[PDB]
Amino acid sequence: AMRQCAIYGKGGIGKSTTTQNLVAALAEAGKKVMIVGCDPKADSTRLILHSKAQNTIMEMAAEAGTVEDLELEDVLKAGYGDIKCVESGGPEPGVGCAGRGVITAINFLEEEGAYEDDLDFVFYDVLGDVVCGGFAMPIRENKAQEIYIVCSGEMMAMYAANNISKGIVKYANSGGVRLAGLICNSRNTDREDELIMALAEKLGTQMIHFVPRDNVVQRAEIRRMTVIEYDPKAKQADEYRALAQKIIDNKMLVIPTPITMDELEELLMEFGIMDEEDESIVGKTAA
């Protein structure tokens, strides 16, 4: 029973670093895992491979003309703990949709039997900033059943988490896409955990883990590796094992209940992220 998961979140909150660290922890737990990158704005395999930038399917397509000309050897590389790594390749700037690329790639792996192994998990690393048809393609085509959202106590991070839930709600009726949990990439802020726990509560889900900020992540990042690999004894390592072990044991798969912009702002203000609004100063000149 291979589990088809995806990680969704906006960019610039460390979504990909967490994806790779968690996956490494799976490999260290003796799970066989594939990472499929579906994010143009981040490398989703660099830390597993030790590479700078894996060649994507989209740019290897030009090398021979079409994806039917491609060998699976060129696209799918093995790295740490024999984690299987692939990068779809983002759209050509101005002349491409991101759904089409991710379809192209997922069917290529299907045709070539990448999904035909003793594979325990596949994790699609997906950009979930602006949740259009394109980035919602793994959901729509039912290519990921278990969605995890990487977010944080930042406004836009939680907005993204809310739209991602909405996107899910769309194709919930159709296919078995569910929300597995929220993952908090800490910003080393106070009450951030509680914030996301309360957001989870309202979404009808769970904060499956709080991922702290810890310099050992960056120290592993310099060496193009995960923390699991770099330093198994780091206290950060137990943090990714906890997340990983919780995903494995996870049986909580819901249809989320998105929230309103006021219902959100209410959260922000409750946990001291946003301040209580004051209309007496609204529209009022300094003179």
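Each residue number is its position in the shown sequence, starting from 1.
Set 275 to 283 against 262 to 270 and average the Cα temperature factors; 275 to 283 ends up higher. Taking the PDB entry as given, 114 to 122 carries the higher mean Cα B factor of the two stretches 207 to 215 and 114 to 122. In the deposited coordinates, the residue among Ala244, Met60, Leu49, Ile255 with the greatest CA B-factor is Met60. As recorded in the PDB entry, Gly101 shows the highest C-alpha B-factor of the residues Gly81, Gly167, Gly181, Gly101. Compared with the other modelled residues of the chain, the Cα B-factor recorded for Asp238 ranks in the lowest third. When the modelled residues of the chain are ordered by their C-alpha B factor, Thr189 lands in the middle third. The PDB entry assigns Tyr171 a C-alpha temperature factor belonging to the highest third of its chain's modelled residues.
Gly30: CA B factor in the middle third of modelled residues in this chain (values from the PDB entry). Per the PDB record, residue ranking by Cα B-factor puts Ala220 in the middle third of the chain.
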